[PDB]
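Trainee: Mind having a look at this structure? Questions to follow.
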Amino acid sequence: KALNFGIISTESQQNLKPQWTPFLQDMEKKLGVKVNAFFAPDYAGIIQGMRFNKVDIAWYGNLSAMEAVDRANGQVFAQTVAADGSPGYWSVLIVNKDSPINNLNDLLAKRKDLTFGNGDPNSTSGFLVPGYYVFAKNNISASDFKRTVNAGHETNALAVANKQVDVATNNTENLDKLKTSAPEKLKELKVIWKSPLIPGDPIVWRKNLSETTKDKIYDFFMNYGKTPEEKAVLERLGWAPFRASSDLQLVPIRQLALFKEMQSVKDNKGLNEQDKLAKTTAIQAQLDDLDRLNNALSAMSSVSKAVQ
Amino acid sequence: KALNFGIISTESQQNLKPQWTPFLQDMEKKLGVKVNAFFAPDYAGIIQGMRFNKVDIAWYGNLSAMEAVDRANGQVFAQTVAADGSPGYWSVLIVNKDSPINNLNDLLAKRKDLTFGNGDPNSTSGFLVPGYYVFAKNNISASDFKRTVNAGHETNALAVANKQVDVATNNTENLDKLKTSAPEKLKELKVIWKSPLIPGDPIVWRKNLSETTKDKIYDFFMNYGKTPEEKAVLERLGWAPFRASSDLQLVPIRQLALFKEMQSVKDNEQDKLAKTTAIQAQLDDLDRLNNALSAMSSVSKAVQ
């Protein structure tokens, strides 16, 4: 039977395939089962594919993993690891190198004359992270810009390269990826803002997979990258071997989704003091649970593993 | 409004109070609301109290907390830490000093001639742990002993010291407690079996407690034991400052309950395989979860 592997629409498929085709082939081989590469116009397409069973395993950014866990039966089992040792990556805003915009203050000031390349609604670095640190903390929305459009990281970055949009979201991984796909364009870009650290991308399966199939998949990801051959496959992906993971790694993305809601609620002029208080306290409760869980994780000295 | 603080029937109230009273008073003080101790004749009493909102915060063992979580609307928020630096505690089997039984091998041999004090069906060390390693692993149950009776840790210990029963379950912390309550009965005991390590006892609240109250209870537990007088109270409880925790600490007890159920299925056509694979599936998840936990380099916390 077929396995469908979902690959989020970070880049065009022409650019995605040389990174992923050797990976997927190596999976076919080790599992002795066909592995179809699954693509979509947006992240939602990979998500809903999982919801309807056409997608078995997937590389997600954290936010779309979260969405896949709450709405598409997904579950995190591995986490990707940067080749160069970074413990994650960062969201950025980019403008053309010629632009007189140099930082967020400049951007905010001139927002009304500027077109904006927003990210994919399900993108962590493209949408949620600047959505909070750039827009919500500053009480502004994308609609305060001259014009606003949602696109993937490569589209947004080419658009800025070609002076087709004034400013856009992106991230530092995508900028290295562009160094391979379009170095004369990357040439043209300038970072004007960089977010806090975002944790590495999870790899996610659908739970309603067989006990046996999960086991095969998981052994493959945990053991991949020993040979010189597979090391190269990973380097091309910018990764080092995989780490074991769980839904726990989504914690801070959940806290961030809530900070933003919190801030949106506080700034909403269309609400009572009373409506606010209902909403904020409901948000506060979830935020406290997550704080206490982070305290528990930090305080763990060992992992009790039961003796059979 | 008063808070109710469940305390499991580890020992008799007479022996618990000098340990717990100074603590619950210090909690009354920090919280500025009355704190009432809640007791029951078995652990089930505490759990069922929580289900019906009669207990707010409890000290439980790992089994009964896991039962409070699945059934009584509970949630772990803190972990007890041994004063002596042990990373947990151990279940044991004890017989009288005078007995010729020295180990499990002897016990199992003479089982039919011996009375057995089993624990409280909700006790990790008194019931689940020997239940697996001693019973299920050897394809026998408490019914293979001459007679079997369920009781708290203290009751079992004194019963073995007073030769009212031949062998019973207990744990290493309860033997330390007994050094205080009845050192002469302690003298009469001998450990003949010791389990794999069990994690420290959790402190659990009911999820529907007000937010404010959770916050103040959390703050108090996290900060306890700075003044000299607070250390003493802890010392008399056999504890060092509390550590932050979460239901995740329940993982190995859930594995253990699953190992056991597995084993009782095996010893019990296609009904077996359907049940064993379903257990194995859950057991696989718990292993992958544990791998995730061990592999966490850092705790990524979102910047407000």
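Every chain in the structure tokens takes a letter, A first, then B, and so on in the order presented; its residues are numbered from 1, and the ligands are numbered from 1 following the presented order.
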For region 221-299 of chain A against region 51-68 of chain A, with a cut-off of 9 Å and counting only C-alpha atoms, what is the closest atom pair and its distance in Å to one decimal for every residue that makes the cut, ordered by chain and number, as JSON lines?
Mentor:
{"residue": "A:247", "atom": "CA", "partner": "A:66", "partner_atom": "CA", "distance": 8.1}
{"residue": "A:249", "atom": "CA", "partner": "A:62", "partner_atom": "CA", "distance": 8.3}
{"residue": "A:250", "atom": "CA", "partner": "A:62", "partner_atom": "CA", "distance": 6.4}
{"residue": "A:253", "atom": "CA", "partner": "A:63", "partner_atom": "CA", "distance": 6.5}
{"residue": "A:254", "atom": "CA", "partner": "A:66", "partner_atom": "CA", "distance": 7.9}
{"residue": "A:257", "atom": "CA", "partner": "A:63", "partner_atom": "CA", "distance": 8.9}
Trainee: What are the residues of chain B lining chain A at 7 Å or less? Count only C-alpha atoms, and put the answer as a PDB file with C-alpha atoms, in the first residue's frame.
Mentor:
ATOM      1  CA  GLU B 211      -7.397  30.211  38.818  1.00  0.00           C
ATOM      2  CA  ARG B 243       9.976  20.288  42.559  1.00  0.00           C
ATOM      3  CA  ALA B 244       7.655  21.499  39.707  1.00  0.00           C
ATOM      4  CA  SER B 245       5.885  18.587  38.042  1.00  0.00           C
ATOM      5  CA  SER B 246       3.103  17.616  35.640  1.00  0.00           C
ATOM      6  CA  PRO B 252       6.315   4.857  34.204  1.00  0.00           C
ATOM      7  CA  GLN B 255       3.646   1.558  31.578  1.00  0.00           C
ATOM      8  CA  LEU B 256       3.662  -0.633  34.644  1.00  0.00           C
ATOM      9  CA  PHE B 259       2.789  -4.341  31.569  1.00  0.00           C
ATOM     10  CA  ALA B 281       0.418   0.145  20.815  1.00  0.00           C
ATOM     11  CA  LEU B 289       7.324   9.793  24.513  1.00  0.00           C
ATOM     12  CA  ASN B 290      10.174   8.836  26.826  1.00  0.00           C
ATOM     13  CA  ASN B 291      12.651   9.085  23.963  1.00  0.00           C
ATOM     14  CA  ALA B 292      11.325  12.575  23.230  1.00  0.00           C
ATOM     15  CA  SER B 294      15.378  12.225  27.125  1.00  0.00           C
ATOM     16  CA  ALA B 295      16.318  14.044  23.954  1.00  0.00           C
ATOM     17  CA  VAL B 299      12.970  24.004  27.129  1.00  0.00           C
ATOM     18  CA  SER B 300      11.906  26.497  24.502  1.00  0.00           C
ATOM     19  CA  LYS B 301       9.694  29.147  26.220  1.00  0.00           C
ATOM     20  CA  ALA B 302       7.826  31.756  24.225  1.00  0.00           C
ATOM     21  CA  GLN B 304       6.051  37.717  25.517  1.00  0.00           C
TER      22      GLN B 304
END
Trainee: Show me, as a list in words, the residues that have an atom within 6 Å of region 24-37 of chain B when counting only C-alpha atoms, minus same-chain residues fewer than 5 positions from it.
Mentor: residues 2, 3, 4 and 5 of chain B
Trainee: As a compact mmCIF listing (two decimals) with C-alpha atoms, in the first residue's frame, please: the residues near residue 92 (chain A) (cut-off 9 Å, only C-alpha atoms, same-chain neighbours under 2 positions excluded).
Mentor:
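Written out: out.txt:
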# COMPACT_ATOMS: atom_id res chain seq x y z
CA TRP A 90 14.18 32.96 13.07
CA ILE A 94 12.88 41.62 4.24
CA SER A 125 7.64 32.45 10.66
CA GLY A 126 5.53 33.80 7.80
CA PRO A 130 5.45 38.59 12.91
CA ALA A 168 7.37 40.62 3.25
CA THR A 169 7.80 37.97 5.95
CA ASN A 170 10.42 35.21 5.57
CA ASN A 171 12.89 33.25 7.63
CA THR A 172 16.58 32.57 7.85
CA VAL A 191 16.77 41.89 6.60
CA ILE A 192 15.16 44.68 8.59
CA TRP A 193 13.79 42.68 11.52
CA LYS A 194 14.53 39.33 13.20
CA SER A 195 12.23 37.46 15.60
Trainee: Looking at B:141, B:96, B:13, B:298, which one is nearest to residue 127 (chain B), with distances taken over only C-alpha atoms?
Mentor: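 Closest candidate: B:141.
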Trainee: So what do you get for CA of residue 93 (chain B) versus CA of residue 109 (chain B), distance-wise?
Mentor: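 Computing it gives 14.9 Å between the two atoms.
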Trainee: Could you pull out the residues in region 44-147 of chain A that DSSP calls strand (DSSP E) from the backbone, as a PyMOL selection string?
Mentor: chain A and resi 57-59+74-82+91-96+115-118+147
Trainee: Please write the residues from the selection above to a file, keeping N, CA and C atoms, as a PDB file, in the first residue's frame.
Mentor:
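Written output follows (selection22.pdb):
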ATOM      1  N   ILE A  57       2.408  10.972   6.293  1.00  0.00           N
ATOM      2  CA  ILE A  57       3.531  11.526   7.044  1.00  0.00           C
ATOM      3  C   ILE A  57       3.852  12.880   6.429  1.00  0.00           C
ATOM      4  N   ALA A  58       4.410  13.820   7.189  1.00  0.00           N
ATOM      5  CA  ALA A  58       4.612  15.180   6.654  1.00  0.00           C
ATOM      6  C   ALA A  58       5.745  16.016   7.310  1.00  0.00           C
ATOM      7  N   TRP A  59       6.411  16.850   6.538  1.00  0.00           N
ATOM      8  CA  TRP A  59       7.264  17.846   7.166  1.00  0.00           C
ATOM      9  C   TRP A  59       6.377  19.088   7.320  1.00  0.00           C
ATOM     10  N   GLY A  74      -3.094  14.545  13.523  1.00  0.00           N
ATOM     11  CA  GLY A  74      -1.667  14.406  13.394  1.00  0.00           C
ATOM     12  C   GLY A  74      -1.013  14.141  14.721  1.00  0.00           C
ATOM     13  N   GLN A  75       0.229  13.703  14.656  1.00  0.00           N
ATOM     14  CA  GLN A  75       1.030  13.606  15.855  1.00  0.00           C
ATOM     15  C   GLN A  75       2.528  13.755  15.554  1.00  0.00           C
ATOM     16  N   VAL A  76       3.195  14.632  16.302  1.00  0.00           N
ATOM     17  CA  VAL A  76       4.661  14.775  16.204  1.00  0.00           C
ATOM     18  C   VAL A  76       5.382  13.533  16.758  1.00  0.00           C
ATOM     19  N   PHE A  77       6.374  13.036  16.009  1.00  0.00           N
ATOM     20  CA  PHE A  77       7.306  11.973  16.481  1.00  0.00           C
ATOM     21  C   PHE A  77       8.826  12.299  16.338  1.00  0.00           C
ATOM     22  N   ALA A  78       9.234  13.095  15.340  1.00  0.00           N
ATOM     23  CA  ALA A  78      10.664  13.520  15.255  1.00  0.00           C
ATOM     24  C   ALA A  78      10.772  15.028  15.200  1.00  0.00           C
ATOM     25  N   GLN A  79      11.955  15.573  15.467  1.00  0.00           N
ATOM     26  CA  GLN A  79      12.184  16.992  15.164  1.00  0.00           C
ATOM     27  C   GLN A  79      13.427  17.171  14.267  1.00  0.00           C
ATOM     28  N   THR A  80      13.397  18.146  13.354  1.00  0.00           N
ATOM     29  CA  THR A  80      14.510  18.339  12.432  1.00  0.00           C
ATOM     30  C   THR A  80      15.538  19.069  13.251  1.00  0.00           C
ATOM     31  N   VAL A  81      16.807  18.902  12.862  1.00  0.00           N
ATOM     32  CA  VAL A  81      17.965  19.499  13.536  1.00  0.00           C
ATOM     33  C   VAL A  81      18.861  20.233  12.503  1.00  0.00           C
ATOM     34  N   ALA A  82      19.106  21.523  12.728  1.00  0.00           N
ATOM     35  CA  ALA A  82      19.901  22.343  11.812  1.00  0.00           C
ATOM     36  C   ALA A  82      21.318  21.710  11.657  1.00  0.00           C
ATOM     37  N   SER A  91      12.244  34.132  12.278  1.00  0.00           N
ATOM     38  CA  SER A  91      11.461  34.844  11.305  1.00  0.00           C
ATOM     39  C   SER A  91      12.097  36.179  11.024  1.00  0.00           C
ATOM     40  N   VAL A  92      11.987  36.646   9.775  1.00  0.00           N
ATOM     41  CA  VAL A  92      12.488  37.976   9.410  1.00  0.00           C
ATOM     42  C   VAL A  92      11.450  38.737   8.565  1.00  0.00           C
ATOM     43  N   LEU A  93      11.616  40.050   8.506  1.00  0.00           N
ATOM     44  CA  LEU A  93      11.000  40.837   7.449  1.00  0.00           C
ATOM     45  C   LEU A  93      12.137  41.276   6.526  1.00  0.00           C
ATOM     46  N   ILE A  94      11.873  41.249   5.227  1.00  0.00           N
ATOM     47  CA  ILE A  94      12.884  41.623   4.237  1.00  0.00           C
ATOM     48  C   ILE A  94      12.340  42.741   3.395  1.00  0.00           C
ATOM     49  N   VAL A  95      13.214  43.665   2.976  1.00  0.00           N
ATOM     50  CA  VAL A  95      12.864  44.669   1.960  1.00  0.00           C
ATOM     51  C   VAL A  95      13.949  44.628   0.933  1.00  0.00           C
ATOM     52  N   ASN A  96      13.747  45.296  -0.208  1.00  0.00           N
ATOM     53  CA  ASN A  96      14.746  45.304  -1.280  1.00  0.00           C
ATOM     54  C   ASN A  96      15.961  46.071  -0.732  1.00  0.00           C
ATOM     55  N   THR A 115       3.325  48.143   0.135  1.00  0.00           N
ATOM     56  CA  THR A 115       2.676  46.841  -0.061  1.00  0.00           C
ATOM     57  C   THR A 115       3.379  45.754   0.750  1.00  0.00           C
ATOM     58  N   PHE A 116       2.582  44.792   1.237  1.00  0.00           N
ATOM     59  CA  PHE A 116       3.040  43.791   2.197  1.00  0.00           C
ATOM     60  C   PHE A 116       2.819  42.367   1.752  1.00  0.00           C
ATOM     61  N   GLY A 117       3.891  41.596   1.678  1.00  0.00           N
ATOM     62  CA  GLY A 117       3.761  40.182   1.404  1.00  0.00           C
ATOM     63  C   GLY A 117       3.627  39.414   2.700  1.00  0.00           C
ATOM     64  N   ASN A 118       2.391  39.178   3.136  1.00  0.00           N
ATOM     65  CA  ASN A 118       2.183  38.314   4.293  1.00  0.00           C
ATOM     66  C   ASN A 118       2.448  36.861   3.906  1.00  0.00           C
ATOM     67  N   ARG A 147      -1.450  47.717   0.843  1.00  0.00           N
ATOM     68  CA  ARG A 147      -2.028  46.561   0.201  1.00  0.00           C
ATOM     69  C   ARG A 147      -1.352  45.342   0.827  1.00  0.00           C
TER      70      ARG A 147
END
Trainee: Taking 3 positions as the minimum chain separation for residues in the same chain, which residues sit within 12 Å of residue 17 (chain A) when counting only C-alpha atoms? Answer as number ranges by chain.
Mentor: A: 7, 9-14, 20-25, 36-39, 181, 233, 236-237
Trainee: When DSSP is applied to the backbone of this structure, which of region 19-257 of chain B are assigned alpha helix (DSSP H)? Write them out as a ChimeraX atom specification.
Mentor: /B:19-31,43-51,62-71,104-110,129-130,153-161,172-181,183-186,211-223,228-237,251-257
